[PDB]
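Only one chain is given next, in structure tokens, and it is the form deposited in one PDB entry.
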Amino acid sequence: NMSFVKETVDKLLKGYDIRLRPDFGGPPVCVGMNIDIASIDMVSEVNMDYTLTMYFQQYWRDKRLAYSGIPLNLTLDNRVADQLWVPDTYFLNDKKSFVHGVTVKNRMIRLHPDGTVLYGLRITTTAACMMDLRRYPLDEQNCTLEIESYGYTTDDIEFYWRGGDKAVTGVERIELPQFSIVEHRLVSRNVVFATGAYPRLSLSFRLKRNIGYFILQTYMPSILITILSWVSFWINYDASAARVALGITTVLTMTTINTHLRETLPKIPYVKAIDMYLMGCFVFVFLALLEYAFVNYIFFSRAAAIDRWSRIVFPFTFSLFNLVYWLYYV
């Protein structure tokens, strides 16, 4: 009967002190966590953060909410969550988190006859993971989401992953634009602060960047302009207008590429592999123009000897530099 369930619920809620956690004087309450990732909507290197969306479930035994005579698992409206005790769970590295409120506050309370309580939310977090761009765009990040209890110590509360490694789901279905989730790992620790030893859980994704964006219009055009400088070695030793225009226009193209790619890159004032590669190419075309300068000055003070030496050397030196760069950053 509906009235029977109504009086049972009122009996459970009446005299319920939300402030006191379950087993206040007793041992710590064990809260089993669970996550179902819906998507990773964004991964920005500008702010070193990524947006995650997830169904976040928390299971805990609360003997005060045990009821008998109703074999069904009661599913109450979200507002009942205001009148009960829930863990003070929070994420350390979040920058701006919120619970979705589309037509209702997206929460679920599911009681059980044995006092077990399921509290689920739909949370969109903007987590912060620091990224090293030393090997960018050949990098591999380790972005993590960490979960802790803000107030209660390990003596008061206890966290664990519900179902072991199977707790977190939906990672496989994720399809990032410029990343690939190589692996996800779950960890449980106790973190000692000045106040006391708190519990912690951690969910870490190892994201490997996909190199399809960075070989076809970043390295390829710089390489080909370097080839055109090599062509500048091949023209002549007296056609001053042609060689000078070719060299300086190649320099101009490299400067244009560098400026527009820096405008394209996500504004991280730090040295990166692409930056050293492009500066190497720029220095190479600059050295080609200097080589023509030396040839012209020496003749108009052997020009053919220096031109042939440059023809032999510059391709070899650039190939050596490219091999060194590729092996160093791989």
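All residue numbers refer to positions in the sequence shown, first residue = 1.
Not pictured, yet referred to below: the form deposited in another entry.
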Rigid part versus rigid part between this form and the one not shown; hinge residue out of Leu289, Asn78, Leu176, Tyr213: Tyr213
Given a change of 3 Å or more, say if the Cα atoms of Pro269 and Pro177 sit closer or farther in the other entry than in this form. farther
Closer or farther: the C-alpha atoms of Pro177 and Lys267 in the other entry, versus the form shown, with a change of 3 angstroms or more? farther
